[PDB]
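Quick note, the sequences are listed as chains C, D and E, same order. Heads up: the first sequence begins at 1 in PDB author numbering, then just goes up one per residue. Taking PDB author numbering, I'd label the letters of the second sequence as residues 1 to 42, 45 to 245, 250 to 280, 286 to 360, 369 to 441. Heads up: the third sequence begins at 127 in PDB author numbering, then just goes up one per residue. Idealized CB from N, CA, C, for every residue including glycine.
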Amino acid sequence: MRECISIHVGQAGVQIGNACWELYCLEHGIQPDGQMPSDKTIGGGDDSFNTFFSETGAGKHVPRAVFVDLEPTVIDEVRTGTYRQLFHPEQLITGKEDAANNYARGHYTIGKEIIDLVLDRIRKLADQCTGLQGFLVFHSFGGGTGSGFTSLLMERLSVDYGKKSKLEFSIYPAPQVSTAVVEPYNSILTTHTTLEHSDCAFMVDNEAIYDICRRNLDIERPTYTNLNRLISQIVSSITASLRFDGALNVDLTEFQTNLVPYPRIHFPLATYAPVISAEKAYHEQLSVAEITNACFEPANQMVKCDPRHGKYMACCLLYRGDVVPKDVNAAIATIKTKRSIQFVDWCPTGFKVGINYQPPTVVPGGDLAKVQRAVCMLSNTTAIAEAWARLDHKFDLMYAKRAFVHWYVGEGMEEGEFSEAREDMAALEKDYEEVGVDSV
Amino acid sequence: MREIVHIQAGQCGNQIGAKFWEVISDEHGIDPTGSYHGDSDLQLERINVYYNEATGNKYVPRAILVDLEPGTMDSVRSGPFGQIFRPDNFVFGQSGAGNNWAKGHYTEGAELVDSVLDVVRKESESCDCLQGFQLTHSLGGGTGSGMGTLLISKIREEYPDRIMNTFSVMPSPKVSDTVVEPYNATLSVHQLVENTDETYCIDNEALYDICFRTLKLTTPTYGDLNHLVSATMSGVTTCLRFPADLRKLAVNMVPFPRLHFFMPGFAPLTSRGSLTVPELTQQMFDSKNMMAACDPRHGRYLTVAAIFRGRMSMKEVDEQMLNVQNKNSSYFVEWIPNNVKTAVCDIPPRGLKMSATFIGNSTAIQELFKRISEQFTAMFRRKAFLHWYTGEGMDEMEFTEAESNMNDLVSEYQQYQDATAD
Amino acid sequence: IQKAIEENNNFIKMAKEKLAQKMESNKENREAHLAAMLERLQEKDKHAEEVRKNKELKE
Ligand SMILES: Nc1nc2c(ncn2[C@@H]2O[C@H](COP(=O)(O)OP(=O)(O)OP(=O)(O)O)[C@@H](O)[C@H]2O)c(=O)[nH]1
Ligand SMILES: Nc1nc2c(ncn2[C@@H]2O[C@H](COP(=O)(O)OP(=O)(O)O)[C@@H](O)[C@H]2O)c(=O)[nH]1
Ligand SMILES: COC(=O)Nc1nc2ccc(C(=O)c3ccccc3)cc2[nH]1
Ligand SMILES: [Ca+2]
Ligand SMILES: [Cl-]
Ligand SMILES: [Mg+2]
Ligand SMILES: [Mg+2]
């Protein structure tokens with residue numbers, strides 16, 4: 001009951017998915033072969049971890065997940081990796097020619113050749129569900145598959161599953177770890193076409209994750225492996241409420257009620273702490289007050305922006321580990337006296353708190369230190385519009401000269417889709433300003 | 001998985017083509033018999051891109067050797083690695099082109115083009131997923147320039163959704179005394195502007211100047227010029243051969263379909279008489300290290316790709332690439348954000372611990388086309404040597420069309436050089 | 127509740143149609159782009175016949 005299906009699209013979506021499911025398995029005691037000794041109900045069950053894992057008669061715990069990429073090299077590493085026995089072969093779907101960082105090829109030319117098979121494989125996952133809650137879609141903004149095929153999939157999922165909830169984990173492009181120049185185009189195109197079909201989207205700025213890995217984990221030149229292990233921890237904090245249960249546990253859907261005041265304003269700002277190396281965590285216990293204070297340090301945000309220059313519409317705190325309300329309330333009271341936390345005048349100012357007692361895990365050989373307690377803040381702030389502004393401005397610079405547009409037109413798109421998508425973004429930026437204005 | 005089909009046409013095309021296969025065969029651990037005897041599995047991971055796995059686990063270049071004379075191709079079969087090439091992939095005639103573009107594009111080459119396509123189809127149909135084609139040729143000759151551009155136009159008819167790349171050798175008075183080379187080059191550029199996705203401008207003027215001024219060779223040979231071409235082609239194809251496809255790479259380098267002519271660069275370039288990451292970066296942005304006789308500081312960069320090879324600090328590479336950009340910001344167009352991208356491959360070339376290969380889409384390339392146009396108009400306004408071409412059936416208009424199309428290419432490069440963000 | 131069913135069905139309908147129109151408009155545009163490319167290449171082939179014919183006459 002309350003199953004969630006994860007869909008990982010393109011390289012970034014697939015590789016981040018690999019990190020998430022590895023971490024999930026460790027948190028739940030699932031082995032690389034899908035066996036879970038602690039699970040005494042074989043072949044089924046209604047436990048909390050069954051929201052993300054199905055069970056076969058042979059005791060294998062199978063992710064409720066589909067991996068999709070338009071070329072095979074990234075998913076092949078799953079087919080032959082350590083957790084290869086975790087997935088049935090039909091959960092891993094590949095073409096042979098990718099979208100070449102072209103939204104048009106991912107949404108049209110190449111994507112239309114595989115979209116039917118993908119939906120068929122998702123249906124088979126849905127049919128195993130007794131009360132499907134929704135989908136979690138992982139993808140980059142910048143890739144041609146992550147952008148173009150994701151939009152196509154989201155549009156098709158609205159048709160096949162009505163308004164069943166669809167959440168995104170979206171990788172916002174950063175030049176430090178990208179070798180593509182047309183990513184601003186793909187980002188605006190996919191954001192425009194997906195905006196109506198997504199109920200809530202957590203953007204992850206690769207530059208923010210890049211900086212956190214360098215500053216807090218002392219990694220000289222972070223790789224995707226480094227970024228993804230950190231991203232998996234935030235994703236885990238966000239989905240922990242669905243996979244574990246407890247008296248103080250608050251369901252993610254209940255947080256969403258507070259985070260989305262209007263359908264289009266559905267982009268929460270995530271902030272995670274503590275990110276600390278083993279060398280610094282040694283003889284170092286970070287308290288509830290210390291990790292909570294870290295949530296309001298902008299350097300720990302998942303998206304580069306300044307919330308001090310915006311207004312809050314919601315503040316949620318998702319704790320996990322050794323945390324009790326008494327200390328949370330004390331920490332919050334302290335922060336309210338020392339921080340620039342301004343709410344819009346039409347929204348209450350209380351912070352919404354959930355606690356999952358299961359402590360966080362770390363993957364062996366990683367750089368993150370294992371801690372007794374962590375926290376993910378989910379805030380709805382107008383400051384996240386700064387991320388749209390930076391991306392829209394790069395879009396405008398290239399589109400004024402029509403740079404690279406021929407690649408998209410050559411695959412069937414029209415200039416009208418570019419201007420139509422950019423106008424939708426301009427209205428979104430406008431929407432974020434309007435919500436921050438004081439009432440009459 | 002992602003196969004490339006290589007073609008080499010004419011004397012030059014076959015010469016540098018053979019050198020290319022010599023160099024990459026060595027890098028992948030393939031001997032002149034086609035057998036693998038390397039020492040790392042990274045050499046075989048993407049060997050399918052350029053080689054077919056044959057019976058007996060021998061690797062055969064996916065290469066097609068073309069010429070209207072058997073002379074050069076006979077040397078290939080006799081030279082080193084002459085036996086790895088598939089014998090049926092030799093498509094030669096006896097007529098010859100006489101350094102006449104018309105003979106290669108229209109007369110002698112048209113009679114042979116069908117037999118060349120027969121080999122292209124048999125190679126292509128054996129590909130799990132064909133990326134596209136790369137052609138090696140010169141633009142001053144007759145076969146490589148005339149029949150090469152014809153092969154491109156006819157391959158595009160059967161494979162219109164595949165990338166077409168060329169390594170085109172531009173003519174220079176410093177290397178060949180033949181007089182009609184500006185005609186053959188201008189007629190070829192007219193074709194390449196329309197039917198290729200990427201063209202590396204391998205400028206003989208720049209190759210000679212490097213061998214003479216830098217490498218200190220009083221009398222550079224074609225072998226000396228080709229050692230530069232071999233090292234360049236190895237560099238630009240490194241990311242394809244060792245662990250993105252031709253299309254993704256063209257997407258990030260070609261902002262406008264006609265402006266797909268690249269300035270190649272390489273570092274280090276040192277003589278036999280007598286290296287840091289900062290020095291590598293500084294050198295590859297120096298005009299002296301460009302394989303095209305153009306000064307990048309006389310124009311602006313639309314896009315740049317740079318690949319470093321060898322064991323080095325990625326952090327230091329990141330710092331120095333940001334360093335050279337900020338100190339040369341004026342030479343990078345503002346309206347294409349983040350237009351300089353960098354890649355690293357742990358496997359260095369032969370005989371070097373570290374190297375860097377530079378791929379620049381610079382408006383300064385107009386200097387190269389301006390030079391060809393000047394030589395062209397200096398002969399066409401007199402109508403000199405035109406009977407070689409009208410004799411094959413061409414009309415003066417086709418010379419006037421090719422001329423004004425290249426002059427348009429120049430003015431198009433100048434347009435975006437002068438464009439600003441605000 | 128009827129209004130809720132009608133709004134959800136109308137959202138599903140308009141999305142299905144919006145997509146069907148986008149995918150057909152894109153098919154036509156891509157097919158036209160490739161047809162124009164080849165038509166230019168056939169025109170060159172015809173021009174090559176004229177060149178080879180113009181040679182024959184001179185003989
Ligand atoms: N955080 C993170 N970002 C990634 C990862 N892989 C790729 N990206 C980012 O995603 C963008 C490129 O998109 P990709 O996902 O690689 O491309 P794709 O979705 O496979 O689409 P195509 O390859 O063009 O068909 C760049 O901005 C990368 O920095 C990853 O593993 N982790
Ligand atoms: N770098 C280099 N240039 C060459 C070579 N052979 C010919 N060229 C150049 O190519 C032009 C002559 O074209 P060529 O290929 O010989 O005519 P083709 O055999 O009919 O294609 C001249 O401008 C030469 O400078 C070579 O081996 N190396
Ligand atoms: C046979 O013809 C080709 O090889 N075509 C071709 N186009 C290319 C464009 C870029 C690169 C790179 O090395 C690179 C370096 C840094 C960032 C991104 C890419 C390599 C290419 N090869
Ligand atoms: Ca069970
Ligand atoms: Cl598959
Ligand atoms: Mg990809
Ligand atoms: Mg010759």
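With 16 or more neighbouring CB atoms inside 10 Å of its own CB, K311 (chain C) falls in the buried class. Three or more Cβ pairs closer than 8 Å define a contact, and the stretch 334-351 of chain D falls short of that threshold against the stretch 209-229 of chain D. If only uninterrupted beta strand (DSSP E) runs of at least 3 residues are considered, those enclosed by the stretch 75-162 of chain D are 92-94, 131-140. Secondary structure remark: continuous beta strand (DSSP E) runs of at least 3 residues inside the stretch 118-147 of chain C, in chain order: 134-140. For the C-beta of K142 (chain E), the chain C residues within less than 8 Å are, from N- to C-terminus, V159. Distance from the CA of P270 (chain D) to the CA of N134 (chain E), rounded to the nearest whole angstrom, comes to 57 Å. The beta carbon of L70 (chain D) lies closer than 6 Å to those of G95, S97, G98, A99, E110, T145 in the same chain, with the five residues before and after it left out.
Taken from the Cβ of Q301 (chain C), every heavy atom of ligand 1 lies 6 Å or farther away. Residues of chain E whose Cβ lies closer than 7 Å to the Cβ of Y108 (chain D) are, in chain order, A174, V177, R178. Straight-line spacing of the CA atoms in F52 (chain C) and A240 (chain C) works out to 10 Å. The three-state secondary structure of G225 (chain D), taken from DSSP, is helix. Residue C:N50 holds the alpha-carbon nearest to the alpha-carbon of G131 (chain C) among C:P89, C:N50, C:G410.
By the 16-neighbour rule on beta-carbons within 10 angstroms, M416 (chain D) is exposed. Residue environment analysis places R401 (chain D) among the exposed positions, since fewer than 16 neighbouring C-beta atoms fall within 10 angstroms of its C-beta. Only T409, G410, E411, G412, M413, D414, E417 from the stretch 400-424 of chain D bring a Cβ to less than 9 Å from some Cβ of chain E. Put simply, the CB of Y282 (chain C) is far from chain E, with every gap to its CB atoms at 7 Å or more. Secondary structure note for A387 (chain C): it is in no beta strand (DSSP E), and the uninterrupted alpha helix (DSSP H) holding it is 385-399. Listed in chain order, the non-local C-beta contacts of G106 (chain D) below 6 Å within the same chain comprise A99, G144, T145, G148, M149, local neighbours out to five positions each way being set aside.
At a cut-off of 6 Å, the beta-carbon of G45 (chain C) counts as near ligand 4: some heavy atom of the ligand is closer than that. Of all alpha-carbon atoms in D:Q434, D:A403, D:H229, the one lying nearest the alpha-carbon of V23 (chain D) is that of D:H229.
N101 (chain C) reaches chain D at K254, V257, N258, counting residues in chain order whose Cβ is nearer than 8 Å. When only Cα atoms are considered, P274 (chain D) and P307 (chain D) end up about 18 Å apart. Residue contact with chain D for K153 (chain E): absent (no Cβ-Cβ distance below 7 Å to any residue of chain D). Look at the stretch 282-354 of chain C and you find these whole runs of beta strand (DSSP E), each 3 residues long or longer: 312-321. In the three-state scheme derived from DSSP, where H, G and I count as helix and E and B as strand, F319 (chain D) is classed as strand.
For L167 (chain E), the enclosing alpha helix (DSSP H) stretches over residues 128-184.
Here the C-alpha atom of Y357 (chain C) lies approximately 57 Å from the C-alpha atom of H37 (chain D). With a cutoff of 7 Å on beta-carbon distance, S237 (chain C) and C315 (chain C) are scored as not near each other. For chain D, the residues of the stretch 367-399 of chain C that bring a beta carbon within less than 8 Å of one of its beta carbons are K394, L397, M398, in chain order. In the DSSP assignment, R164 (chain D) falls outside any alpha helix (DSSP H), carrying neither H nor E. Neighbours of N134 (chain E) in chain C, taken as residues whose beta carbon is under 9 Å from its own, are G162, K163 in chain order.
DSSP, read as helix, strand or coil, puts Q35 (chain C) in coil. Here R278 (chain D) carries a coil assignment [DSSP, helix/strand/coil].
A straight line joining the alpha-carbon of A385 (chain C) with that of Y432 (chain C) spans about 7 Å. Residue pairing by DSSP places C200 (chain C) opposite C:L167 in a beta bridge. Think of a sphere of 9 Å around the beta carbon of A233 (chain D): no beta carbon from chain E falls inside it, the nearest being about 35 Å out.
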